[PDB]
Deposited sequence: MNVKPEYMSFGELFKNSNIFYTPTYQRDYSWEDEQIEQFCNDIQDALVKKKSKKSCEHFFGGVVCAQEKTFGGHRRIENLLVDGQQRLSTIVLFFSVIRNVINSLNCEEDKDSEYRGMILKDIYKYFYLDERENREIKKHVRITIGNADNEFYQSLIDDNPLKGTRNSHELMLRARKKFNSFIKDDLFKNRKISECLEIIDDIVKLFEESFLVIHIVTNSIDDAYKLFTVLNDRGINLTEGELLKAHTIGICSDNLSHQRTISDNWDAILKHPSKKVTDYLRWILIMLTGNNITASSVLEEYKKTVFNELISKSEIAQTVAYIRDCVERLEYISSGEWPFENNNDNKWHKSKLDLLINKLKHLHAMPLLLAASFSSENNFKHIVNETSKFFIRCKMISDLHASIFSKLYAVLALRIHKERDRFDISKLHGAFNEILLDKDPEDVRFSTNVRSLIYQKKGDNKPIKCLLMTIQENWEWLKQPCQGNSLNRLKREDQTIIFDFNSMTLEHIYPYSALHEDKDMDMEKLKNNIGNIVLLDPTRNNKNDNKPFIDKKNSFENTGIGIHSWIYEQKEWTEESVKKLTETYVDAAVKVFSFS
């Protein structure tokens, strides 16, 4: 059935290729350039026996093809594949330059070299006659920052080179020379040497294929895979400037702000833009539709008052913050010690990798620093209960955080914390009526023999930090809990100690054969004190009691009181945990 075409065919036909405006810099590194050569050689090797067909880079995606509006005969707005075609040309400039310097005394420069040279002419130029003049254009033109220098490389008279991409090209060529001269020519006579290049020419003609896909617009091409060449950032840079046509001032402001955004690499740009939008709109917009939604909501004509110019600058500022918050780091200046909350932000996204919260936090950062502080803290507690302890589907977070994120964006410092609780509370009533699913889970928590034990550690740590408020006689309201919570201790999971009250590993003297069934149950587990008290304990309860004498951790009191630790005392702690778990992870 299917129709495929070789790379030669792409250049055989009268095609001219050119990149989009805002085409990203060349990005092929040695990993790509080696693979490009080794692909060749596998197929040279296979030549001796079996087939060399390779479906290279299936898909050279083109966005328009004007036969009367071309650059020369058929313009192609290359959306994906530019690198490959670009380098292929580069590679052939190397084949031409190596060959041209071969000795070639007898019947080669006379014959075979010239026959090879006409067959690759097509990778460099396309001749066209108007009357008596043979005007001839180049077959591929790359990004604006690069093209000038690339062309230089193809003319084998390179320019100096002003940036990374220029260099990345220079190395690929350096590598190509080594690949032909050293790795393929090796030790061979000119006739043996041409024979192998004639096979390279023939590979690109017959064996190396792609699917040539034509498309109606840049956006449609782009939609085929929603980012070596174009991100949403580049498309928005373009759209956004195109909106500010008359005002040549607003443009330069915008171009600059986008360039600062586009510096950062593909994945992070797109992910930031998504998060930013989710905030602004208050909807869990899907990855593909981000490009579309940006234009419908944030960048449009009713919108289009050169507010867009302001918004672009707002995007940058958001990006500058996200570089802190995406890596778990505090967005505000360091003076306020604020270490305890700083420890939460790190926990929340470096340790538990709860990125969903991002638009929340971003919007939070545009509120007050106290707000940010409380939002981070609480949003942890939520995530812990909801997905560390319970295993709810993450879609719980999607819609919740988006409205919140939006709320906070409008309300800023007049945003009040209580909104967060009610918000969290709603959701938790719906999915957990009487704090009964949360409870059953906390109850069925087992210590892990291999983990860092995040889920148990999160639970203990947090109740401990909200212990004082647990034992305050009445009300225990969540807003009071947030005012009267312990921030003096910054718990490190790496140095946290999780004690087995009935010992983890007991020998014959310690016995209790059917207490062994009980160990690992949460009820047989306490957070030891990491305050200077040093937890070098392996023994039975009676022996190891000094561990709980008069220490900073709340539940240690009642653990001391026990003359012995039995099946029943395990049940008695389990419920104490399960209880405070509920009061401490509930919201009002």
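What the model leaves out of the deposited chain are the segments 1-3, 230-234.
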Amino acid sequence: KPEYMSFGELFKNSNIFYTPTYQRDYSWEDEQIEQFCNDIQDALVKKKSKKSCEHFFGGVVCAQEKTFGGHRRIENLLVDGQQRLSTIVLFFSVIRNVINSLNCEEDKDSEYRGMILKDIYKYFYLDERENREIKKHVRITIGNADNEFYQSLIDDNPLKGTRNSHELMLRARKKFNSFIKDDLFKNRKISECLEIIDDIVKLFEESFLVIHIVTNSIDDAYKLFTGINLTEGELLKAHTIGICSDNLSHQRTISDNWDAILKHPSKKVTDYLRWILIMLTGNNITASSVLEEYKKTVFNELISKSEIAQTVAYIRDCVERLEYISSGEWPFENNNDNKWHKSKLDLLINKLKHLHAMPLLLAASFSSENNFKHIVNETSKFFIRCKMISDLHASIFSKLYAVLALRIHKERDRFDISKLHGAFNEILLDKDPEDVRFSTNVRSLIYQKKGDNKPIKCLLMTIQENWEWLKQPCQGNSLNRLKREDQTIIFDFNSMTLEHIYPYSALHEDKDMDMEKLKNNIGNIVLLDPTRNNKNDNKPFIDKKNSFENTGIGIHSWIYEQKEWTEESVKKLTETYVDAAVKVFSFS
From here on, numbers count along this sequence of modelled residues.
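Comparing 486-494 with 299-307, the stretch with the higher mean C-alpha B-factor in the PDB entry is 299-307. Of the two stretches examined, 371-379 and 474-482, the record assigns the greater average C-alpha temperature factor to 474-482. The residue among 199, 512, 333, 80 whose C-alpha carries the highest B-factor in the deposited model is 512. Of the candidates 326, 141, 215, 226, the PDB record gives 226 the highest C-alpha temperature factor. Sorting the modelled residues of the chain by their CA temperature factor places residue 244 in the highest third. In the PDB entry, a CA B factor belonging to the lowest third of its chain's modelled residues is recorded for residue 11. In the deposited entry, the Cα temperature factor of residue 558 places it in the middle third of its chain's modelled residues. For residue 455, the recorded CA temperature factor ranks within the lowest third of the chain's modelled residues. Ranked by Cα temperature factor within the chain, residue 543 sits in the highest third according to the deposited record.
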